[PDB]
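Asks: One structure coming up, written as structure tokens, with questions to follow.
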Amino acid sequence: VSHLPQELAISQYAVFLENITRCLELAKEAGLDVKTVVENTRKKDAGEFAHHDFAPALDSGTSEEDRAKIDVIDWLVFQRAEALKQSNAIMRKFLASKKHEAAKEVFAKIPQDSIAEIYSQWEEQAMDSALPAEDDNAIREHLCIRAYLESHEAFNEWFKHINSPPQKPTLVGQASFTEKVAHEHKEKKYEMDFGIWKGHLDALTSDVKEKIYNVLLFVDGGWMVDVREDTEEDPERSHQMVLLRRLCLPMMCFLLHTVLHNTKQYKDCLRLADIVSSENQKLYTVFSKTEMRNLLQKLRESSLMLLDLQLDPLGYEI
Amino acid sequence: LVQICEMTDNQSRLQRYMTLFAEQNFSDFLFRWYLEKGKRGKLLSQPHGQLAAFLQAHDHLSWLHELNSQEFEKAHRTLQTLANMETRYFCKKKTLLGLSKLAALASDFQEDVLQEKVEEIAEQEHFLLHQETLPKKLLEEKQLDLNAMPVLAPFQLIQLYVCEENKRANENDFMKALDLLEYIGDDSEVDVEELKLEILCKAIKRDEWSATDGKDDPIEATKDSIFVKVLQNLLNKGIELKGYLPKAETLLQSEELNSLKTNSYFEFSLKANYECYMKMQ
């Protein structure tokens, strides 16, 4: 088949496909000796059209594409630059639909060492020279995606914990002397558990807060912003990066405000206005005017609780 | 009576219904509110009630009932007004402007009005940024609280950039202390060209003019570098760069060098470098 040009790709897959489901791998390599990213792109295009009939919802094809990228990443980890770049593209579609488990399933198919192997030089300045503009951005985008993913992992754990507080001891009015003592013990045990459920909460609060700041104040240019400006034109990716900022930076700020308000950190809630308006990040440009007003009504709620505690609107002493 | 009954309850639907069917009760209800300062018209005395207070947000109660009613544009005006009167705490003045700006960006201003608000704000951020950039050497030397204290002016910044206390003061610190001269106000009153000398003279004191084996030691490595940093290649920018270093003085400089007692050390390479600064220019 290799002798004849038309069978250059298909023959390898068929021989390779049966074997995969070692020596067989070596044989496949030999046969190859006797592109892939482009083929994947073509497949994606076919899926987007699929000729006359296209499914209204999903299905599997998006999931199938995610499986293919994770498989190539494992295969690449064992084309790793292309595997990472395609993985980012698949995850960008899943992030826009908030399919965090789908994005994470793809993320773990990427080998944990992929970043280290892709580099051509140990020294950072000489790495920049050889590393194409496509690859610098793809390494940064993947870490931006991980920073976003970690900020929903820790939030869902924290949010699970905020909805499991210890319940108050049930009161038996007109109690027997037996029930009185059992109650005195149940009351005392509750007054231990509520301190721990604050203790675990304060640790989960500190950790979830840090992750949210790592996304909102993303080092070296802001979240989902390319640092390398010499790449070829990709309007599908660049407009996706702008969109991901506008769907997820408003959402992450609202979640942080909810975390700070729930733990009573009202002074820090109001300092979200400094973070958002900041000319250093320009986060105010990723919000709609409606979302800004909705933040301003959230901040006024935190301010009320500060007045109830005897302080000024911004949590300074009167 | 009826106006204080509508105020003890949560019925500002009643004080709206009272002003709806009345002759001049609007000019009365506002003047009845002001006389009753801290007596009636409070939203902190009231807990339906929120709705009534919001009516009670008409005029003076806008900062709280106005945020509640989502009047972002009104909140921006009061947040800026509070930021201006703020003198007691620097950290708070910074926070109020941030909040004011976030309130205006999240409001429904036309793009033109929004541009005017963010431009007038950019000026306020510009002056504040001077007190923000105060060096962390001098703030521990003058034993100053980090946030629980007051801000600064180009004079204070220029003088603090060049203090003996600023030990690692390099080309950038002096360059930025010559950038802060266009931020003054009343240039002939506060002495522009006196400071222009004070700085270029401490720009030589830090250099340290020395001698190695009977030969001149050009310490002026910072003075050198600062005169390499004034020119932005404005020859190709169409600026008169040719003949545009007569900012610095010369005979007037050795007057200040005599005061420091350093004339004998540096006057050999002060003039020598001032020859290849007439060829550079």
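Going through the structure tokens in order, the chains are called A, B, and so on, while each chain numbers its residues from 1 and the ligands are numbered from 1 in the order shown.
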Output the contact residues of chain B with respect to chain A at a cut-off of 7 Å, based on only C-alpha atoms, as a PyMOL selection string.
Replies: chain B and resi 67-68+70+72+95+98-99+101-103+105-108
Asks: Any idea what's packed within 10 Å of stretch 195-199 of chain B, counting only C-alpha atoms, ignoring anything in its chain fewer than 2 positions away? Could you give it as a PyMOL selection string?
Replies: chain B and resi 155+158-159+161-163+174-175+177-178+181+190-193+201-205+247-250+252-253+256
Asks: From the set B:172, B:92, B:40, B:160, which residue has the shortest atom-to-atom contact distance to residue B:225, counting only C-alpha atoms?
Replies: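 Nearest candidate to residue B:225 out of B:172, B:92, B:40, B:160: B:172.
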Asks: Between atom CA of residue A:159 and atom CA of residue A:106, what is the distance in Å, rounded to a tenth?
Replies: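 It comes out at 24.3 Å.
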Asks: List every residue of stretch 132-237 of chain B that DSSP, applied to the backbone of this structure, places in strand (DSSP E), and write the result as a list in words.
Replies: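 DSSP-assigned strand (DSSP E) residues in stretch 132-237 of chain B: residues 210, 211, 212, 215, 216 and 217 of chain B.
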Asks: Please produce a file of the residues just selected, as a PDB file, in the first residue's frame, where the atoms kept are N, CA, C and O atoms.
Replies:
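File written: selection_18.pdb
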```pdb
ATOM      1  N   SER B 210      36.317  60.550  41.429  1.00  0.00           N
ATOM      2  CA  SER B 210      37.443  59.886  42.039  1.00  0.00           C
ATOM      3  C   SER B 210      38.594  59.921  41.062  1.00  0.00           C
ATOM      4  O   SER B 210      38.524  60.535  40.000  1.00  0.00           O
ATOM      5  N   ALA B 211      39.703  59.250  41.375  1.00  0.00           N
ATOM      6  CA  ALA B 211      40.837  59.189  40.499  1.00  0.00           C
ATOM      7  C   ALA B 211      41.520  57.864  40.719  1.00  0.00           C
ATOM      8  O   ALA B 211      41.611  57.375  41.843  1.00  0.00           O
ATOM      9  N   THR B 212      42.025  57.253  39.643  1.00  0.00           N
ATOM     10  CA  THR B 212      42.687  55.963  39.737  1.00  0.00           C
ATOM     11  C   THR B 212      44.035  56.170  39.127  1.00  0.00           C
ATOM     12  O   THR B 212      44.154  56.590  37.977  1.00  0.00           O
ATOM     13  N   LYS B 215      44.896  59.453  37.246  1.00  0.00           N
ATOM     14  CA  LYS B 215      44.071  59.701  36.083  1.00  0.00           C
ATOM     15  C   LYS B 215      42.624  59.895  36.486  1.00  0.00           C
ATOM     16  O   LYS B 215      42.146  59.302  37.452  1.00  0.00           O
ATOM     17  N   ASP B 216      41.893  60.738  35.734  1.00  0.00           N
ATOM     18  CA  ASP B 216      40.485  61.008  35.927  1.00  0.00           C
ATOM     19  C   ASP B 216      39.623  59.745  35.927  1.00  0.00           C
ATOM     20  O   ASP B 216      39.772  58.860  35.081  1.00  0.00           O
ATOM     21  N   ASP B 217      38.694  59.646  36.892  1.00  0.00           N
ATOM     22  CA  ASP B 217      37.773  58.533  36.978  1.00  0.00           C
ATOM     23  C   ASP B 217      36.381  59.065  36.646  1.00  0.00           C
ATOM     24  O   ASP B 217      35.816  59.826  37.444  1.00  0.00           O
TER      25      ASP B 217
END
```
Asks: Quick one: pull the distance between atom CA of residue B:112 and atom CA of residue B:79, Å, one decimal.
Replies: 20.4 Å
Asks: If you run DSSP on the backbone, which residues of stretch 37-216 of chain A are alpha helix (DSSP H), as a PyMOL selection string?
Replies: chain A and resi 37-49+61-77+80-96+100-109+114-118+124-130+133-162+177-216
